[PDB]
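Residues 2 to 215 in the authors' numbering are what the sequence shown lists, from first letter to last.
All residues carry an ideal CB built from backbone N, CA and C; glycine is no exception.
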Amino acid sequence: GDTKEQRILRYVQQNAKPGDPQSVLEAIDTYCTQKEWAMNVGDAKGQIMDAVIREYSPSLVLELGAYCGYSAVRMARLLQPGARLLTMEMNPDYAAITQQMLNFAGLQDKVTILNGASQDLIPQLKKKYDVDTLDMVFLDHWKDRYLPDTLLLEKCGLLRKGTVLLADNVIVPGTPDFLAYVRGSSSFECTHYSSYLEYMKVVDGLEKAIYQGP
Ligand SMILES: C[S@@+](CC[C@H](N)C(=O)[O-])C[C@H]1O[C@@H](n2cnc3c(N)ncnc32)[C@H](O)[C@@H]1O
Ligand SMILES: O=C(c1ccccc1)c1ccc(O)c(O)c1[N+](=O)[O-]
Ligand SMILES: [Mg+2]
């Protein structure tokens, strides 16, 4: 049966230019603005995400929550040669859509999709995926997981001094426990970026929280 995510992918395949990431983004944003809302980070917050990627030039980025691959396309198109994005997605239907989206955009060789729940996969990164530490983490999964995954990332030794966490939706729907943690901790230097919830003019924001060590 047909789904929102299939409709988004078909719209991209119909209208965007193969191998052109910006065209893929614009197609998604046009479809979601004109026809059907979706939980992509969107262009307004996406421009802030772009600025963070450019500033920090991360070699290894971890995304929590891929969905249809919008944010993965956004980040991966700005990664330097040899840099990599790992993106965790627990829903196999969405992981499949994301793979096709990346393939269409021509970014598949810069991204690895990890199928599973972040709480299960994060502790396997050092053993199974050869990870030392992460340069950046984009949190955009179910909001109740931001805090426990942040703690787990620290416990597992995946954060180093200067690792950038970038969290979506800290205003709407809101991530109160995660914000209280990073804003209460001397291990994080934080900046708030006020913006808009995807495809609307309701205010939302991203939190940049840079790990300083224990
Ligand atoms: C808001 S959508 C991600 C949007 C995407 N970052 C973008 O901007 O294009 C949230 C996604 O997180 C996934 N998800 C929720 N909890 C997860 C978890 N614990 N581990 C991995 N994926 C999870 C959901 O299945 C869903 O696809
Ligand atoms: O929680 C929702 C949600 C809640 C209710 C209805 C639709 C979506 C949502 C809304 C905007 C986001 O950017 C986002 O990442 C999420 N999320 O699901 O993770
Ligand atoms: Mg979001």
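{"Asked": "Using 8 Å for Cβ pairs, my map puts residue 1 next to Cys191. What's the rounded Cβ distance?", "Found": "This structure gives no information on residue 1, because the portion of the chain shown stretches from 2 to 215."}
{"Asked": "Taking only three categories from DSSP, how would you classify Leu160?", "Found": "strand"}
{"Asked": "Flag this pair as touching only if the segment 38 to 56 and the segment 81 to 92 have three or more C-beta atom pairs under 8 Å; answer yes or no.", "Found": "no"}
{"Asked": "Can you round the beta-carbon distance between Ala118 and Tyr95 to whole angstroms, since I take them to be within the 8 Å contact cut?", "Found": "About 13 Å separates the two Cβ atoms, so there is no contact after all."}
{"Asked": "Can you tell me where the beta strand (DSSP E) with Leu61 in it begins and where it stops?", "Found": "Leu61 to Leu65"}
{"Asked": "Does the distance from the CB of residue 1 to the CB of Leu122 come in under 9 Å?", "Found": "For the chain, the structure presents residues 2 to 215; residue 1 sits outside this window and is missing."}
{"Asked": "Rounded C-beta distance between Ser188 and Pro215? I'm assuming under 8 Å.", "Found": "6 Å"}
{"Asked": "Got a sec: does ligand 1 put a non-hydrogen atom nearer than 8 Å to the Cβ of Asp51?", "Found": "no"}
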